[PDB]
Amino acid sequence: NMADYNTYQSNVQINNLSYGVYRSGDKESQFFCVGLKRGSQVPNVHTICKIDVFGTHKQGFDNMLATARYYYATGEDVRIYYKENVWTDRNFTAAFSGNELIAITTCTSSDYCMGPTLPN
């Protein structure tokens, strides 16, 4: 069991994207946020964010951004691994969410995406 990989939404698509610069607390940050759909439906949790200088995992901001962007471009089916209730900037969470983006993997069927699932 990988820590932080037990909260995911599978077979979703990235259909919105935000990227910006922002001062939060006392730090100048960059952030991006993905908006999620599942076909014509909107998943329960639909907005996941990553911030360069805040979070449980500060590494990989540029790589995650490029990855998100590619998937937004193709619109393909992906699994999004995320972490709930991370951001405490109430201004930020009101506008986007408290969710922190952890990983994105691809799917090869309505039923299977790459990466760990809750056993079983």
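Sequential numbering from 1, following the sequence displayed.
Visitor: Hey, which bit's got the bigger mean C-alpha B factor in the entry, 108 to 116 or 12 to 20?
Guide: The entry gives the higher C-alpha B-factor average to 108 to 116.
Visitor: If you take the mean CA temperature factor per stretch, which one wins between 35 to 43 and 69 to 77?
Guide: Here the higher of the two C-alpha B-factor means belongs to 35 to 43.
Visitor: Per the entry's Cα B factor values, which of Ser29, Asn63, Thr93, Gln59 stands out as the maximum?
Guide: Among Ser29, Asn63, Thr93, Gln59, the highest C-alpha B-factor in the entry belongs to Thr93.
Visitor: Among the chain's modelled residues, which third holds the C-alpha B-factor of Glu84?
Guide: Middle third by C-alpha B-factor.
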